[PDB]
$ cat my_file.txt   # compact mmCIF, C-alpha atoms and all ligand atoms
# COMPACT_ATOMS: atom_id res chain seq x y z
CA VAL Z 1 0.00 0.00 0.00
CA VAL Z 2 1.39 3.34 -1.16
CA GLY Z 3 0.28 6.38 0.79
CA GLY Z 4 -1.25 4.31 3.57
CA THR Z 5 -1.24 4.54 7.34
CA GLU Z 6 -0.42 1.78 9.78
CA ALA Z 7 -3.59 -0.12 10.67
CA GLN Z 8 -4.56 -0.66 14.27
CA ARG Z 9 -3.85 -4.23 15.39
CA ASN Z 10 -7.53 -5.32 15.61
CA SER Z 11 -9.06 -3.37 12.72
CA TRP Z 12 -9.04 -5.89 9.85
CA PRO Z 13 -9.17 -9.34 11.44
CA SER Z 14 -10.03 -11.17 8.22
CA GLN Z 15 -6.82 -10.07 6.50
CA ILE Z 16 -4.33 -12.89 6.01
CA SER Z 17 -0.75 -13.09 4.77
CA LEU Z 18 -0.11 -15.71 2.09
CA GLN Z 19 3.51 -16.81 2.25
CA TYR Z 20 5.70 -19.22 0.33
CA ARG Z 21 8.75 -21.16 1.48
CA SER Z 22 12.03 -19.42 0.67
CA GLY Z 23 15.10 -21.37 1.76
CA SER Z 24 14.71 -22.19 5.43
CA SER Z 25 12.11 -19.45 5.94
CA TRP Z 26 9.03 -17.82 4.47
CA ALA Z 27 8.29 -14.82 2.28
CA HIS Z 28 5.08 -12.86 2.04
CA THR Z 29 3.69 -12.80 -1.51
CA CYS Z 30 -0.01 -11.89 -1.31
CA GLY Z 31 -2.88 -11.00 0.92
CA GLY Z 32 -6.17 -12.83 1.31
CA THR Z 33 -9.41 -12.84 3.27
CA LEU Z 34 -10.46 -15.50 5.75
CA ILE Z 35 -14.01 -16.42 4.72
CA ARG Z 36 -14.53 -19.64 6.74
CA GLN Z 37 -12.45 -21.04 9.60
CA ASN Z 38 -10.83 -23.29 6.98
CA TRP Z 39 -11.10 -21.23 3.76
CA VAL Z 40 -9.21 -18.21 2.42
CA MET Z 41 -10.20 -16.11 -0.60
CA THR Z 42 -7.24 -14.75 -2.60
CA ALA Z 43 -6.35 -13.93 -6.20
CA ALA Z 44 -5.76 -16.74 -8.67
CA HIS Z 45 -2.51 -15.15 -9.82
CA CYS Z 46 -1.09 -15.46 -6.29
CA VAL Z 47 -0.92 -19.25 -6.76
CA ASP Z 48 0.31 -19.27 -10.38
CA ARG Z 49 3.71 -20.50 -9.14
CA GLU Z 50 3.78 -24.00 -7.70
CA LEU Z 51 5.30 -23.46 -4.27
CA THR Z 52 4.68 -24.51 -0.71
CA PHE Z 53 2.28 -21.97 0.77
CA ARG Z 54 1.17 -21.13 4.25
CA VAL Z 55 -1.48 -18.76 5.54
CA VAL Z 56 -0.90 -16.54 8.57
CA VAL Z 57 -3.96 -15.21 10.37
CA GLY Z 58 -3.79 -12.69 13.20
CA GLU Z 59 -0.70 -11.14 11.62
CA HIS Z 60 0.33 -7.53 12.11
CA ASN Z 61 4.13 -7.16 11.99
CA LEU Z 62 5.62 -9.64 9.50
CA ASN Z 63 9.08 -9.52 11.12
CA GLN Z 64 8.13 -9.83 14.79
CA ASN Z 65 6.12 -12.15 17.00
CA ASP Z 66 2.93 -10.31 17.92
CA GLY Z 67 1.58 -13.11 20.13
CA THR Z 68 -1.60 -13.29 18.00
CA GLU Z 69 -0.60 -15.22 14.87
CA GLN Z 70 -1.77 -18.65 13.79
CA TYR Z 71 0.16 -20.40 11.01
CA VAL Z 72 -1.59 -22.98 8.85
CA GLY Z 73 -0.80 -24.99 5.76
CA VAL Z 74 -2.75 -24.93 2.52
CA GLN Z 75 -4.42 -28.27 1.82
CA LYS Z 76 -6.30 -27.55 -1.44
CA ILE Z 77 -6.20 -24.76 -4.02
CA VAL Z 78 -9.32 -24.12 -6.11
CA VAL Z 79 -8.72 -21.51 -8.81
CA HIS Z 80 -11.62 -20.19 -10.80
CA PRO Z 81 -11.86 -22.56 -13.80
CA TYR Z 82 -11.95 -19.63 -16.26
CA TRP Z 83 -8.76 -18.06 -14.92
CA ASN Z 84 -6.06 -17.57 -17.55
CA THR Z 85 -2.70 -16.50 -16.14
CA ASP Z 86 -1.79 -14.96 -19.53
CA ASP Z 87 -4.97 -12.82 -19.59
CA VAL Z 88 -5.39 -11.14 -16.21
CA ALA Z 89 -7.58 -8.50 -17.87
CA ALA Z 90 -10.15 -11.16 -18.75
CA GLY Z 91 -10.98 -11.41 -15.05
CA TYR Z 92 -11.67 -14.50 -12.97
CA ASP Z 93 -8.70 -13.58 -10.74
CA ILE Z 94 -9.95 -15.43 -7.70
CA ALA Z 95 -9.00 -18.60 -5.84
CA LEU Z 96 -10.08 -20.39 -2.66
CA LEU Z 97 -7.57 -22.06 -0.38
CA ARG Z 98 -8.77 -24.81 1.93
CA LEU Z 99 -6.67 -24.68 5.07
CA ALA Z 100 -5.11 -27.78 6.58
CA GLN Z 101 -6.70 -26.93 9.93
CA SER Z 102 -9.51 -24.67 11.05
CA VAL Z 103 -8.22 -21.50 12.66
CA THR Z 104 -9.54 -20.24 15.99
CA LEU Z 105 -11.56 -17.04 15.90
CA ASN Z 106 -10.84 -14.19 18.34
CA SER Z 107 -10.43 -10.42 18.22
CA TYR Z 108 -7.53 -10.77 15.72
CA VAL Z 109 -9.01 -13.55 13.57
CA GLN Z 110 -12.52 -13.19 12.14
CA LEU Z 111 -14.39 -14.09 8.99
CA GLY Z 112 -14.66 -11.45 6.32
CA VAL Z 113 -18.19 -10.40 5.45
CA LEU Z 114 -18.99 -10.82 1.77
CA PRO Z 115 -21.43 -8.66 -0.19
CA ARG Z 116 -24.77 -9.82 -1.46
CA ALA Z 117 -24.46 -11.33 -4.92
CA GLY Z 118 -24.72 -8.75 -7.69
CA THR Z 119 -24.00 -5.70 -5.52
CA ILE Z 120 -22.35 -2.84 -7.43
CA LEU Z 121 -21.11 0.19 -5.53
CA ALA Z 122 -21.99 3.74 -6.51
CA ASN Z 123 -19.11 5.80 -7.79
CA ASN Z 124 -16.92 7.23 -5.03
CA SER Z 125 -18.07 4.72 -2.39
CA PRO Z 126 -15.95 4.61 0.78
CA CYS Z 127 -13.48 1.72 0.84
CA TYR Z 128 -10.12 0.84 2.37
CA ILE Z 129 -7.40 -1.35 0.90
CA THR Z 130 -5.24 -3.24 3.42
CA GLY Z 131 -2.00 -5.16 3.01
CA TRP Z 132 1.70 -5.53 3.50
CA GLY Z 133 2.53 -4.71 -0.13
CA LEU Z 134 5.15 -2.25 -1.31
CA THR Z 135 4.96 1.20 0.26
CA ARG Z 136 6.32 2.87 -2.89
CA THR Z 137 6.55 1.87 -6.53
CA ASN Z 138 9.70 -0.26 -6.83
CA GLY Z 139 10.04 -0.10 -3.04
CA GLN Z 140 9.80 -2.70 -0.31
CA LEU Z 141 7.08 -4.48 1.61
CA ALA Z 142 5.56 -2.91 4.69
CA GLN Z 143 6.63 -4.44 7.97
CA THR Z 144 3.27 -3.63 9.58
CA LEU Z 145 -0.18 -3.91 8.01
CA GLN Z 146 -1.15 -0.74 6.13
CA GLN Z 147 -4.52 0.71 5.16
CA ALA Z 148 -5.44 3.41 2.68
CA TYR Z 149 -8.74 5.08 1.88
CA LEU Z 150 -9.51 4.28 -1.78
CA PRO Z 151 -12.96 5.41 -2.94
CA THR Z 152 -14.40 3.42 -5.80
CA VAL Z 153 -14.26 4.51 -9.42
CA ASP Z 154 -17.30 3.12 -11.19
CA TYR Z 155 -17.17 0.95 -14.29
CA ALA Z 156 -18.23 3.68 -16.71
CA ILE Z 157 -15.32 5.88 -15.59
CA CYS Z 158 -12.78 3.13 -14.99
CA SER Z 159 -13.25 1.49 -18.40
CA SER Z 160 -13.13 4.80 -20.24
CA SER Z 161 -10.18 5.61 -22.46
CA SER Z 162 -8.32 7.91 -20.07
CA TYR Z 163 -8.42 5.31 -17.27
CA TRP Z 164 -8.03 1.57 -17.97
CA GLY Z 165 -10.15 1.31 -21.11
CA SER Z 166 -11.26 -2.13 -22.23
CA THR Z 167 -8.83 -3.77 -19.80
CA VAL Z 168 -11.31 -3.25 -16.95
CA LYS Z 169 -14.41 -5.46 -17.02
CA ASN Z 170 -17.70 -5.22 -15.15
CA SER Z 171 -16.54 -8.20 -13.06
CA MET Z 172 -13.96 -5.89 -11.45
CA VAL Z 173 -14.01 -3.03 -8.96
CA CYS Z 174 -11.70 -0.03 -9.39
CA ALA Z 175 -10.68 2.09 -6.44
CA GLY Z 176 -8.36 5.04 -5.90
CA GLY Z 177 -6.37 6.58 -8.74
CA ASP Z 178 -5.60 9.84 -6.92
CA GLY Z 179 -1.87 9.54 -7.69
CA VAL Z 180 -0.90 9.30 -4.00
CA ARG Z 181 -2.66 6.26 -2.52
CA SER Z 182 -2.88 2.81 -4.09
CA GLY Z 183 -2.35 -0.90 -3.85
CA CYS Z 184 1.11 -2.12 -4.77
CA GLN Z 185 3.00 -5.38 -5.30
CA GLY Z 186 2.22 -7.79 -2.48
CA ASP Z 187 -1.23 -6.37 -1.75
CA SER Z 188 -2.64 -8.63 -4.47
CA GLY Z 189 -5.11 -11.18 -3.23
CA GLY Z 190 -6.07 -9.05 -0.28
CA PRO Z 191 -9.30 -7.28 0.51
CA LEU Z 192 -10.94 -4.05 -0.47
CA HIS Z 193 -13.23 -3.34 2.49
CA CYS Z 194 -16.20 -1.12 1.64
CA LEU Z 195 -18.69 0.46 4.02
CA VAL Z 196 -22.26 -0.53 3.10
CA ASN Z 197 -25.26 -0.07 5.44
CA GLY Z 198 -22.90 0.67 8.33
CA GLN Z 199 -20.90 -2.56 7.94
CA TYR Z 200 -17.59 -3.18 6.20
CA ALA Z 201 -17.72 -5.98 3.66
CA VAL Z 202 -15.03 -7.34 1.36
CA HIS Z 203 -16.06 -6.17 -2.12
CA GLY Z 204 -12.70 -6.64 -3.84
CA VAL Z 205 -9.77 -9.03 -4.19
CA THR Z 206 -6.74 -7.01 -5.26
CA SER Z 207 -5.83 -8.06 -8.81
CA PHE Z 208 -3.58 -5.60 -10.62
CA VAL Z 209 -1.95 -2.19 -10.74
CA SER Z 210 -0.42 -0.26 -13.62
CA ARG Z 211 2.89 -1.28 -15.16
CA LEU Z 212 3.70 2.43 -15.01
CA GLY Z 213 3.55 2.54 -11.22
CA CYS Z 214 1.40 1.69 -8.24
CA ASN Z 215 0.08 5.20 -7.51
CA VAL Z 216 -0.65 6.64 -10.95
CA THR Z 217 -3.33 9.23 -11.65
CA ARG Z 218 -6.30 7.63 -13.47
CA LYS Z 219 -4.91 4.10 -13.04
CA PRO Z 220 -6.88 3.06 -9.95
CA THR Z 221 -6.08 -0.23 -8.32
CA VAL Z 222 -8.20 -2.99 -9.86
CA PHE Z 223 -9.89 -5.71 -7.84
CA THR Z 224 -11.91 -8.79 -8.66
CA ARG Z 225 -15.52 -7.94 -7.80
CA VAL Z 226 -16.38 -10.42 -5.05
CA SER Z 227 -20.12 -9.99 -5.56
CA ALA Z 228 -19.80 -11.46 -9.07
CA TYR Z 229 -18.52 -14.72 -7.54
CA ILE Z 230 -20.80 -15.44 -4.56
CA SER Z 231 -22.39 -18.47 -6.22
CA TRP Z 232 -19.00 -19.80 -7.29
CA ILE Z 233 -17.56 -19.32 -3.79
CA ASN Z 234 -20.51 -21.09 -2.17
CA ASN Z 235 -20.43 -23.90 -4.73
CA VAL Z 236 -16.74 -24.52 -4.03
CA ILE Z 237 -17.16 -24.55 -0.26
CA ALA Z 238 -20.21 -26.83 -0.42
CA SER Z 239 -18.55 -29.36 -2.74
CA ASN Z 240 -15.20 -29.49 -0.90
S1 LIG Y 301 -0.87 -7.06 -7.00
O1 LIG Y 301 -1.73 -6.07 -7.61
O2 LIG Y 301 -0.17 -6.68 -5.81
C1 LIG Y 301 0.28 -7.63 -8.17
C2 LIG Y 301 1.03 -6.39 -8.67
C3 LIG Y 301 -0.35 -8.37 -9.36
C4 LIG Y 301 1.29 -8.54 -7.40
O3 LIG Y 301 2.33 -8.08 -6.96
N1 LIG Y 301 0.85 -9.81 -7.27
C5 LIG Y 301 1.79 -10.63 -6.48
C6 LIG Y 301 2.09 -11.90 -7.19
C7 LIG Y 301 2.21 -13.18 -6.60
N2 LIG Y 301 2.53 -14.01 -7.62
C8 LIG Y 301 2.85 -15.45 -7.57
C9 LIG Y 301 4.31 -15.63 -7.24
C10 LIG Y 301 5.29 -15.35 -8.21
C11 LIG Y 301 6.64 -15.56 -7.91
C12 LIG Y 301 6.97 -16.04 -6.64
CL1 LIG Y 301 8.61 -16.30 -6.27
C13 LIG Y 301 6.00 -16.31 -5.69
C14 LIG Y 301 4.68 -16.11 -5.99
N3 LIG Y 301 2.58 -13.26 -8.78
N4 LIG Y 301 2.32 -12.00 -8.52
NA NA Y 302 4.03 -10.97 13.56

$ encode --input "my_file.txt" --output "structure tokens"
Amino acid sequence: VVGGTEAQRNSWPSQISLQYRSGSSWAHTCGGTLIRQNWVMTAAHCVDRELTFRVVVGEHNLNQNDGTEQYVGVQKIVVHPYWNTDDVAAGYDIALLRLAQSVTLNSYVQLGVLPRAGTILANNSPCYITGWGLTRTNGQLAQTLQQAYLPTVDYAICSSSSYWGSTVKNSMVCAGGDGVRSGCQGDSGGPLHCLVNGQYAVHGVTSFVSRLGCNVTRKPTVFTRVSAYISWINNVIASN
């Protein structure tokens, strides 16, 4: 997250860190959202490389023991069957990870609330991106979870020629684009939390940013629109 602020420890308890094994240790690669005690929602592109993954829930500072983390293996990966790693712009950038064990819920570990199927946010709706991704274009990961206020940019604006054009689809949510605040590498897979009827719900899964930089005017961060996939999510959970 570029242009973010450090999140309070208990603010976003559904946020997870998706990590892969690197030598004798682990490296953060993506965010995700805990949606059941044994299921995480992330981006399909986060699992394009065949690596050993783990999920960390209750995480705040990646480099330090917070006394709140639970570490769990990934037992099954279900990518959307229409996902094409060579065509991110086509959409379908969503995957479900079945965890090897059910995590325990507490003030630091809670299920993310998903939107009602079909919900589309009005332009300029209030949302926050969270993650440990880069804090500057070409920079380094955040040590502590960051948040940034990223109001939505509706489809008509986002898919217009001076924004993303045809690359953005109606199955995506755009947010931000103010040139200062944005998602960045390593936020992918994580949530966009949007305030609807007084409750925050996870309306986006971070999918891509501009090749030209993370915080670029009129290149808002682009997210998979969770409300386009409610039936798919429920079908996966019920059949696995
Ligand atoms: S996201 O918008 O943050 C973005 C820019 C697409 C991103 O940085 N995604 C992170 C990501 C994760 N993976 C899979 C991967 C590749 C290589 C290695 Cl060593 C581990 C994991 N690809 N992009
Ligand atoms: Na920690």

$ residues_near_ligand --input "my_file.txt" --ligand "ligand LIG 301 (chain Y)" --cutoff "9 Å" --atoms "only C-alpha atoms and all ligand atoms" --output "JSON list (two decimals) with C-alpha atoms, in the coordinates of the input"
[["chain", "number", "residue", "atom", "x", "y", "z"],
["Z", 1, "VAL", "CA", 0.00, 0.00, 0.00],
["Z", 19, "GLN", "CA", 3.51, -16.81, 2.25],
["Z", 20, "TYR", "CA", 5.70, -19.22, 0.33],
["Z", 22, "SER", "CA", 12.03, -19.42, 0.67],
["Z", 27, "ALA", "CA", 8.29, -14.82, 2.28],
["Z", 28, "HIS", "CA", 5.08, -12.86, 2.04],
["Z", 29, "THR", "CA", 3.69, -12.80, -1.51],
["Z", 30, "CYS", "CA", -0.01, -11.89, -1.31],
["Z", 31, "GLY", "CA", -2.88, -11.00, 0.92],
["Z", 43, "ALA", "CA", -6.35, -13.93, -6.20],
["Z", 44, "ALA", "CA", -5.76, -16.74, -8.67],
["Z", 45, "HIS", "CA", -2.51, -15.15, -9.82],
["Z", 46, "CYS", "CA", -1.09, -15.46, -6.29],
["Z", 47, "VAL", "CA", -0.92, -19.25, -6.76],
["Z", 48, "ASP", "CA", 0.31, -19.27, -10.38],
["Z", 49, "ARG", "CA", 3.71, -20.50, -9.14],
["Z", 50, "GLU", "CA", 3.78, -24.00, -7.70],
["Z", 51, "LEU", "CA", 5.30, -23.46, -4.27],
["Z", 88, "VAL", "CA", -5.39, -11.14, -16.21],
["Z", 133, "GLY", "CA", 2.53, -4.71, -0.13],
["Z", 134, "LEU", "CA", 5.15, -2.25, -1.31],
["Z", 183, "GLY", "CA", -2.35, -0.90, -3.85],
["Z", 184, "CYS", "CA", 1.11, -2.12, -4.77],
["Z", 185, "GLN", "CA", 3.00, -5.38, -5.30],
["Z", 186, "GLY", "CA", 2.22, -7.79, -2.48],
["Z", 187, "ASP", "CA", -1.23, -6.37, -1.75],
["Z", 188, "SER", "CA", -2.64, -8.63, -4.47],
["Z", 189, "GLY", "CA", -5.11, -11.18, -3.23],
["Z", 190, "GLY", "CA", -6.07, -9.05, -0.28],
["Z", 206, "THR", "CA", -6.74, -7.01, -5.26],
["Z", 207, "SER", "CA", -5.83, -8.06, -8.81],
["Z", 208, "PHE", "CA", -3.58, -5.60, -10.62],
["Z", 209, "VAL", "CA", -1.95, -2.19, -10.74],
["Z", 210, "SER", "CA", -0.42, -0.26, -13.62],
["Z", 211, "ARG", "CA", 2.89, -1.28, -15.16],
["Z", 214, "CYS", "CA", 1.40, 1.69, -8.24],
["Z", 221, "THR", "CA", -6.08, -0.23, -8.32],
["Z", 222, "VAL", "CA", -8.20, -2.99, -9.86],
["Z", 223, "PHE", "CA", -9.89, -5.71, -7.84]]

$ residues_near_ligand --input "my_file.txt" --ligand "ligand NA 302 (chain Y)" --cutoff "12 Å" --atoms "all atoms listed in the file" --output "PDB file with C-alpha atoms, in the coordinates of the input"
ATOM      1  CA  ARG Z   9      -3.850  -4.230  15.390  1.00  0.00           C
ATOM      2  CA  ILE Z  16      -4.330 -12.890   6.010  1.00  0.00           C
ATOM      3  CA  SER Z  17      -0.750 -13.090   4.770  1.00  0.00           C
ATOM      4  CA  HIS Z  28       5.080 -12.860   2.040  1.00  0.00           C
ATOM      5  CA  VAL Z  56      -0.900 -16.540   8.570  1.00  0.00           C
ATOM      6  CA  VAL Z  57      -3.960 -15.210  10.370  1.00  0.00           C
ATOM      7  CA  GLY Z  58      -3.790 -12.690  13.200  1.00  0.00           C
ATOM      8  CA  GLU Z  59      -0.700 -11.140  11.620  1.00  0.00           C
ATOM      9  CA  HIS Z  60       0.330  -7.530  12.110  1.00  0.00           C
ATOM     10  CA  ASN Z  61       4.130  -7.160  11.990  1.00  0.00           C
ATOM     11  CA  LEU Z  62       5.620  -9.640   9.500  1.00  0.00           C
ATOM     12  CA  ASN Z  63       9.080  -9.520  11.120  1.00  0.00           C
ATOM     13  CA  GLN Z  64       8.130  -9.830  14.790  1.00  0.00           C
ATOM     14  CA  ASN Z  65       6.120 -12.150  17.000  1.00  0.00           C
ATOM     15  CA  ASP Z  66       2.930 -10.310  17.920  1.00  0.00           C
ATOM     16  CA  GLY Z  67       1.580 -13.110  20.130  1.00  0.00           C
ATOM     17  CA  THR Z  68      -1.600 -13.290  18.000  1.00  0.00           C
ATOM     18  CA  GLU Z  69      -0.600 -15.220  14.870  1.00  0.00           C
ATOM     19  CA  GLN Z  70      -1.770 -18.650  13.790  1.00  0.00           C
ATOM     20  CA  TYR Z  71       0.160 -20.400  11.010  1.00  0.00           C
ATOM     21  CA  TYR Z 108      -7.530 -10.770  15.720  1.00  0.00           C
ATOM     22  CA  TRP Z 132       1.700  -5.530   3.500  1.00  0.00           C
ATOM     23  CA  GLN Z 143       6.630  -4.440   7.970  1.00  0.00           C
ATOM     24  CA  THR Z 144       3.270  -3.630   9.580  1.00  0.00           C
ATOM     25  CA  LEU Z 145      -0.180  -3.910   8.010  1.00  0.00           C
TER      26      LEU Z 145
END

$ residues_around --input "my_file.txt" --residues "residue Z:237" --least-positions-apart "4" --cutoff "9 Å" --atoms "only C-alpha atoms" --output "short mmCIF file (atom, residue, chain, number, x, y, z; two decimals) with C-alpha atoms, keeping the file's coordinate frame"
data_model
loop_
_atom_site.label_atom_id
_atom_site.label_comp_id
_atom_site.auth_asym_id
_atom_site.auth_seq_id
_atom_site.Cartn_x
_atom_site.Cartn_y
_atom_site.Cartn_z
CA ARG Z 36 -14.53 -19.64 6.74
CA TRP Z 39 -11.10 -21.23 3.76
CA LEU Z 96 -10.08 -20.39 -2.66
CA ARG Z 98 -8.77 -24.81 1.93
CA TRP Z 232 -19.00 -19.80 -7.29
CA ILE Z 233 -17.56 -19.32 -3.79
#

$ axis_aligned_box --input "my_file.txt" --around "stretch 37-41 of chain Z" --padding-each-side "5 Å" --output "lines of an AutoDock Vina configuration file"
center_x = -10.8
center_y = -19.7
center_z = 4.5
size_x = 13.2
size_y = 17.2
size_z = 20.2

$ atom_distance --input "my_file.txt" --atom1 "atom CA of residue Z:110" --atom2 "atom CA of residue Z:202"
12.5 Å

$ closest_residue --input "my_file.txt" --among "Z:164, Z:104, Z:42, Z:90" --to "residue Z:77" --atoms "only C-alpha atoms"
Z:42

$ closest_residue --input "my_file.txt" --among "Z:146, Z:33, Z:137, Z:239" --to "residue Z:112" --atoms "only C-alpha atoms"
Z:33

$ residues_around --input "my_file.txt" --residues "residue Z:228" --least-positions-apart "2" --cutoff "12 Å" --atoms "only C-alpha atoms" --output "PyMOL selection string"
chain Z and resi 91-94+114-120+169-173+203-205+223-226+230-234

$ atom_distance --input "my_file.txt" --atom1 "atom CA of residue Z:127" --atom2 "atom CA of residue Z:176"
9.1 Å

$ atom_distance --input "my_file.txt" --atom1 "atom CA of residue Z:53" --atom2 "atom CA of residue Z:235"
23.4 Å

$ closest_residue --input "my_file.txt" --among "Z:107, Z:125, Z:160, Z:135" --to "residue Z:197" --atoms "all atoms listed in the file"
Z:125

$ closest_residue --input "my_file.txt" --among "Z:131, Z:84, Z:38, Z:147" --to "residue Z:101" --atoms "all atoms listed in the file"
Z:38

$ residues_near_point --input "my_file.txt" --point "(-10.1, 0.4, 0.7)" --cutoff "6 Å" --atoms "only C-alpha atoms" --output "list in words"
residues 127, 128, 129, 148, 149, 150, 192 and 193 of chain Z

$ closest_residue --input "my_file.txt" --among "Z:24, Z:32, Z:168, Z:179" --to "residue Z:97" --atoms "all atoms listed in the file"
Z:32

$ build_atoms --input "my_file.txt" --residues "stretch 201-212 of chain Z" --atoms "N, CA, C and O atoms" --output "compact mmCIF listing (two decimals), keeping the file's coordinate frame"
# COMPACT_ATOMS: atom_id res chain seq x y z
N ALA Z 201 -17.67 -4.71 4.34
CA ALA Z 201 -17.72 -5.98 3.66
C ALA Z 201 -16.62 -5.99 2.61
O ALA Z 201 -16.19 -4.94 2.11
N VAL Z 202 -16.16 -7.19 2.27
CA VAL Z 202 -15.03 -7.34 1.36
C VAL Z 202 -15.59 -7.40 -0.06
O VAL Z 202 -16.07 -8.44 -0.52
N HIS Z 203 -15.53 -6.27 -0.77
CA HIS Z 203 -16.06 -6.17 -2.12
C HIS Z 203 -15.02 -6.45 -3.19
O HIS Z 203 -15.40 -6.68 -4.34
N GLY Z 204 -13.74 -6.42 -2.86
CA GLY Z 204 -12.70 -6.64 -3.84
C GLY Z 204 -11.62 -7.58 -3.36
O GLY Z 204 -11.33 -7.67 -2.18
N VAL Z 205 -11.02 -8.28 -4.34
CA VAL Z 205 -9.77 -9.03 -4.19
C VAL Z 205 -8.74 -8.36 -5.09
O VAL Z 205 -8.92 -8.32 -6.31
N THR Z 206 -7.69 -7.80 -4.49
CA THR Z 206 -6.74 -7.01 -5.26
C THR Z 206 -6.14 -7.84 -6.38
O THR Z 206 -5.61 -8.93 -6.14
N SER Z 207 -6.21 -7.32 -7.61
CA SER Z 207 -5.83 -8.06 -8.81
C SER Z 207 -4.66 -7.45 -9.57
O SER Z 207 -3.70 -8.16 -9.89
N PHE Z 208 -4.72 -6.16 -9.91
CA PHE Z 208 -3.58 -5.60 -10.62
C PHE Z 208 -3.48 -4.10 -10.42
O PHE Z 208 -4.45 -3.41 -10.05
N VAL Z 209 -2.26 -3.61 -10.66
CA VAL Z 209 -1.95 -2.19 -10.74
C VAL Z 209 -1.26 -1.93 -12.07
O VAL Z 209 -0.91 -2.84 -12.82
N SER Z 210 -1.06 -0.65 -12.37
CA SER Z 210 -0.42 -0.26 -13.62
C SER Z 210 1.05 -0.64 -13.67
O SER Z 210 1.78 -0.55 -12.68
N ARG Z 211 1.48 -1.06 -14.87
CA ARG Z 211 2.89 -1.28 -15.16
C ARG Z 211 3.70 -0.01 -14.97
O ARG Z 211 4.90 -0.07 -14.72
N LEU Z 212 3.04 1.14 -15.08
CA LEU Z 212 3.70 2.43 -15.01
C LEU Z 212 3.92 2.90 -13.58
O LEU Z 212 4.60 3.92 -13.38
